[PDB]
Trainee: 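Below is one structure. I have some questions about it.
Remember, it's 1-based here, ligands and their atoms both numbered in the order they're listed. The sequence lines fix the lettering, A, B, ..., with proteins before strands; numbering per chain opens at 1. Below, each value reflects all heavy atoms present in this structure, side chains not excepted, and no hydrogens, waters or symmetry copies.
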Number of protein chains: 2
Amino acid sequence: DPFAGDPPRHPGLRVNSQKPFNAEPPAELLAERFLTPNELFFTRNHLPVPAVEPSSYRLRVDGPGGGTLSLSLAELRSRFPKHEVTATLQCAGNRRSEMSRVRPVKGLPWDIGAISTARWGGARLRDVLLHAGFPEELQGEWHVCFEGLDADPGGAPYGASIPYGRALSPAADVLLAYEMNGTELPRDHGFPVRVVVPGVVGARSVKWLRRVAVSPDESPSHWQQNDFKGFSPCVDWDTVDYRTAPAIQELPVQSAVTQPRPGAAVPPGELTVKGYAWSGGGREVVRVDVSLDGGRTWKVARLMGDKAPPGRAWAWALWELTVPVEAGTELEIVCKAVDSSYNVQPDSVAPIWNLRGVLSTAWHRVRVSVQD
Amino acid sequence: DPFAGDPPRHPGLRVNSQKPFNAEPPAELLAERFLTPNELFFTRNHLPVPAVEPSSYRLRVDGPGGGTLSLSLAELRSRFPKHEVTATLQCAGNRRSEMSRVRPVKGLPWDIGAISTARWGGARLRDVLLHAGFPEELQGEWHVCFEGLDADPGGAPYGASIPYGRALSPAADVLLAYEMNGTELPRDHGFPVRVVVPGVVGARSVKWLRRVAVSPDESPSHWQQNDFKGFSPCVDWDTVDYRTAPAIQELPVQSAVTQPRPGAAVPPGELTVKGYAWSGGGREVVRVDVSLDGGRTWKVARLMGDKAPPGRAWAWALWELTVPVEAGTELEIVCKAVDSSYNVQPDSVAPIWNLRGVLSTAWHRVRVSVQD
Ligand SMILES: Nc1nc2c(c(=O)[nH]1)N[C@H]1C(S)=C(S)[C@@H](COP(=O)(O)O)O[C@H]1N2
Ligand SMILES: Nc1nc2c(c(=O)[nH]1)N[C@H]1C(S)=C(S)[C@@H](COP(=O)(O)O)O[C@H]1N2
Ligand SMILES: [Mo]
Ligand SMILES: [Mo]
């Protein structure tokens with residue numbers, strides 16, 4: 001069994017695939033803490049988890065002229081000043097199951113928890129690339145390609161890329177992380193080194209980093225070219241042309257209700273409704289509207305968190321709103337967020353439906369009853 | 001009459017206010033050309049149009065230490081290399097009248113034409129500020145405040161501000177424009193000098209520029225502090241607190257159908273449906289979906305224009321889609337756009353309604369009939 005050497009996990013997760021392991025935290029715990037504990041942070045593995053001996057590990061970094069820099073773990077820790085960045089990672093497939101309610105799609109059936117937040121510690125990718133000898137600025141459109149140590153039976157590594165400009169920007173905070181919430185990177189989350197690309201879809205944060213290369217083109221890997229793209233609702237498996245749509249990088253504004261859960265019976269008097277909101281590209285969440293009546297009327301929620309600098313809101317905003325609730329009534333609790341560019345979430349899922357089930361950002365709706 | 005010295009205008013505009021002058025081009029002409037002719041470009045004036053003698057004109061630029069640089073028109077033309085930027089300006093109030101259909105709002109009743117596109121020529125604001133002696137980077141959050149020559153009866157100039165970072169960024173393309181579509185700036189559009197802030201709401205592109213100042217704070221002017229902000233649908237005139245929401249800078253993804261027009265009877269066979277789409281923040285439009293049946297099914301439109309570099313799509317994308325149409329049928333033509341961060345437009349207007357009528361980006365719907 002290629003998966004026999006996989007790490008053990010916390011017993012209470014919502015697992016949607018054992019092999020490869022793909023799991024999200026229970027929704028009742030997801031927004032309990034601003035920083036998701038390591039043991040609960042959602043896990044998305046395409047492949048078996050690599051088993052890495054720390055001391056023999058080398059990160060290969062290809063330089064401008066085609067020479068190869070080779071960095072040990074200890075050298076990554078000591079050569080470059082450690083930077084810490086608190087960033088939310090969200091999988092493209094988050095809330096996919098709601099898309100499937102409209103018309104079935106292919107993909108891991110994620111509920112609202114394919115998103116988590118951690119403080120990440122590591123080398124700035126910018127610094128590593130300058131050390132390899134690259135300039136601030138290359139002419140034209142360049143990309144930094146990443147390969148992980150995990151590979152399919154045919155030998156193709158997990159791979160992704162980001163634009164060179166984002167890799168080199170001080171403000172974009174792209175990390176080669178070896179620390180997660182103050183402890184060393186767990187195996188499931190990329191031990192010993194992962195890329196963390198703040199404000200950008202989870203897919204680009206390559207775990208178990210083996211190689212960093214600079215190229216005139218995007219990553220040639222199947223996951224960069226033939227996956228993680230959004231399409232019209234009209235597109236099906238027979239008509240899909242992956243060249244017609246851009247690789248997802250930044251994600252659009254997103255939110256969900258974590259408390260209370262669908263089907264609940266809640267006591268009369270006061271109900272505290274909680275959830276999360278987040279947007280891609282470092283765009284702050286500026287407002288979260290909450291409705292108890294299926295989105296006819298709304299009240300403004302309270303946003304928690306400490307504000308980040310402009311253009312650098314990498315971390316989700318947790319929200320809450322305490323409302324009065326009348327004995328023996330039905331509620332449809334809906335939330336929607338607004339980011340600093342004043343993007344908004346769409347009303348319904350059908351018009352954003354796509355064959356891959358990605359980019360599921362329509363209002364989250366939770367139906368509950370009030371007890372008597 | 002304070003408006004007697006105002007310029008004459010093209011006879012065929014859709015004027016919503018004579019004094020001060022506020023007008024949009026007819027929708028049938030709006031998307032006819034990629035670059036909106038100067039005579040048709042939408043005009044938004046809060047005040048009488050300033051009468052400016054070109055030679056005695058001086059732009060005041062305050063330097064780092066509180067000294068004042070003073071620049072003539074000729075010096076602005078000769079001192080700094082002319083840069084050309086093609087950018088769409090969209091008023092916050094675009095498509096306000098559709099918001100009013102839900103619940104009446106205060107404001108100029110714009111239809112879909114409070115948006116236009118031009119190639120702008122001028123000094124990079126970045127270069128002017130470096131010449132005044134400012135550094136690449138100031139510590140903390142700084143703003144560049146602009147004042148126009150137009151003032152109210154009490155003497156307060158039109159004013160706005162943008163973040164310092166955007167003013168200094170080579171890639172953000174902020175201009176002090178003295179040329180518009182290859183000719184000198186018309187009076188209505190800011191003669192002799194206006195700021196052009198690409199990817200950002202029209203309000204910040206100060207016309208008739210008199211002063212540029214660098215400040216630790218946003219512009220203190222009423223239009224920066226107590227206007228151009230988005231609010232929840234629940235907020236009314238008695239509850240509004242302008243400190244709770246950020247000044248609009250970047251605008252969200254937007255589109256409209258320009259052809260055919262509401263109420264039309266069209267011939268059977270083939271119908272070419274045309275419109276525009278655009279997004280704030282230099283985010284490209286990557287797809288436009290069009291529906292003939294009120295948004296139940298959709299087809300992908302054709303996007304026209306030449307692609308801009310990543311993060312710099314300042315100009316709208318014009319779109320078209322030719323469809324078959326059956327004799328004696330009713331159509332509800334709807335469009336929606338998707339930007340490069342995969343933001344989308346919301347289904348309906350009520351949930352985005354606000355008391356100022358700004359930020360009106362729900363699907364544009366056009367009802368027509370087919371002849372027999
Ligand atoms: N090497 C490698 N990196 C990877 C993946 C993978 O399968 N292999 N999955 C990607 C995807 S699709 C997501 S959403 C994130 C999930 O990161 P997490 O497991 O730490 O939450 O990792 C990304 N990085
Ligand atoms: N000096 C000055 N600048 C101004 C205005 C104004 O009233 N005075 N209107 C602003 C607003 S709200 C908009 S939408 C744009 C409109 O620019 P246009 O008239 O060239 O289309 O100008 C902006 N710049
Ligand atoms: Mo993912
Ligand atoms: Mo405006």
Side-chain angles (χ1 to χ4, degrees), chain A residues 20-24 36 38 41-50 88-94 108 110 114-116 118 120 146-152 157-160 177 180 185-186 188-190 193-197 201-210 223 227-228 248 358, chain B residues 20-24 36 38 41-50 88-94 96 107-108 110 114-116 118 120 146-152 157-160 177 180 185-186 188-190 193-197 201-210 223 227-228 248 358:
Chain A
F21 194 76
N22 295 265
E24 62 191 274
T36 323
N38 285 9
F41 199 107
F42 90 101
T43 303
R44 206 288 186 245
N45 302 344
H46 291 86
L47 294 161
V49 176
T88 296
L89 296 185
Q90 185 186 176
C91 174
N94 194 33
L108 273 30
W110 299 107
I115 181 162
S116 294
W120 303 100
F146 308 123
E147 301 185 357
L149 282 155
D150 53 332
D152 63 31
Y158 184 81
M180 178 180 182
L185 260 201
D188 263 336
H189 297 290
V193 174
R194 78 173 297 163
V195 185
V196 170
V197 192
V201 66
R204 311 310 170 210
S205 291
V206 173
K207 290 186 289 183
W208 309 291
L209 195 54
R210 114 191 165 185
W223 297 281
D227 202 345
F228 310 109
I248 294 166
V358 293
Chain B
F21 194 76
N22 295 265
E24 62 191 274
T36 323
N38 285 9
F41 199 107
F42 90 101
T43 303
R44 206 288 186 245
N45 302 344
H46 291 86
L47 294 161
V49 176
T88 296
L89 296 185
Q90 185 186 176
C91 174
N94 194 33
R96 172 177 291 120
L108 273 30
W110 299 107
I115 181 162
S116 294
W120 303 100
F146 308 123
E147 301 185 357
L149 282 155
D150 53 332
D152 63 31
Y158 184 81
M180 178 180 182
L185 260 201
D188 263 336
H189 297 290
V193 174
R194 78 173 297 163
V195 185
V196 170
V197 192
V201 66
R204 311 310 170 210
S205 291
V206 173
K207 290 186 289 183
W208 309 291
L209 195 54
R210 114 191 165 185
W223 297 281
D227 202 345
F228 310 109
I248 294 166
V358 293

Trainee: What are the two closest heavy atoms between B/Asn45 and B/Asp188, and how far apart are they?
Mentor: ND2-OD1, 3.1 Å
Trainee: Taking the minimum heavy-atom distance to atom 20 (O) of ligand 2, which of B/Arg44, B/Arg194, B/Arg210, B/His46 ranks first?
Mentor: B/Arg194
Trainee: Any side-chain heavy atom of B/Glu147 within less than 4.5 Å of one from B/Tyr158?
Mentor: no
Trainee: Could you identify the single nearest non-hydrogen protein atom to atom 21 (O) of ligand 1 and state the distance to 0.1 Å?
Mentor: A/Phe42 O, 2.6 Å
Trainee: What protein heavy atom is closest to atom 15 (C) of ligand 1, reported as residue, atom name and distance in Å?
Mentor: A/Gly202 O, 3.6 Å
Trainee: Give the atom numbers and elements of ligand 2 that come within less than 4.0 Å of a heavy atom of B/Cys91.
Mentor: 14 (S)
Trainee: Any nitrogen or oxygen of B/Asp150, main chain or side chain, under 3.5 Å from a nitrogen or oxygen of ligand 2?
Mentor: yes
Trainee: Can you report which non-hydrogen protein atom sits closest to atom 24 (N) of ligand 1, along with the distance?
Mentor: A/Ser205 O, 2.9 Å
Trainee: When only distance counts, is A/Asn45 in polar contact with ligand 1, meaning an N/O pair under 3.5 Å?
Mentor: no
Trainee: Taking side chain as C-beta onward, heavy atoms only, is B/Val358 less than 4.5 Å from B/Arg96?
Mentor: yes
Trainee: As a quick check of understanding, evaluate side chain to side chain contact (heavy atoms under 4.5 Å, CB included) for A/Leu209 and A/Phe146, giving each step before the final call.
Mentor: CA-CA 7 Å; A/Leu209 195 54; A/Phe146 308 123; 3.8 Å; yes
Trainee: Test your reading of the structure: does B/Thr43 have an N or O sitting under 3.5 Å from an N or O of ligand 2?
Mentor: no
Trainee: Do B/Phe42 and B/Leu89 touch side chain to side chain, with heavy atoms closer than 4.5 Å?
Mentor: yes
Trainee: With a cut-off of 4.0 Å, which atoms of ligand 2 are near a heavy atom of B/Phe41?
Mentor: 21 (O)
Trainee: Answer with side chain, backbone, both or neither: which part of A/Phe228 has a heavy atom less than 4.0 angstrom from an atom of ligand 1?
Mentor: side chain
Trainee: Measure the distance from atom 11 (C) of ligand 1 to every protein heavy atom, then report the residue, atom name and distance (to 0.1 Å) of the closest one.
Mentor: A/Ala203 CA, 3.7 Å
Trainee: Does ligand 2 have a heavy atom under 4.0 Å from the side chain of B/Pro157, from its backbone, from both, or from neither?
Mentor: neither
Trainee: Whether the side chain of B/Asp150 engages the backbone of B/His46 through a donor-acceptor N/O pair (distance < 3.5 Å, no angle test) should be reported.
Mentor: no
Trainee: Please work out which of B/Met180, B/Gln90, B/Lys207 has its closest non-hydrogen atom nearest to atom 19 (O) of ligand 2.
Mentor: B/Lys207
Trainee: Would you indicate whether the side-chain heavy atoms of A/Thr43 and A/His189 approach each other to under 4.5 Å?
Mentor: yes
Trainee: Taking A/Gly148's backbone N and O only, do any of them form a donor-acceptor pair with A/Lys207's side chain (distance below 3.5 Å, no angle check)?
Mentor: no
Trainee: Taking side chain as C-beta onward, heavy atoms only, is A/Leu47 less than 4.5 Å from A/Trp208?
Mentor: no
Trainee: Any idea which protein heavy atom is nearest atom 10 (C) of ligand 1, and the distance to it?
Mentor: A/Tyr158 OH, 3.8 Å
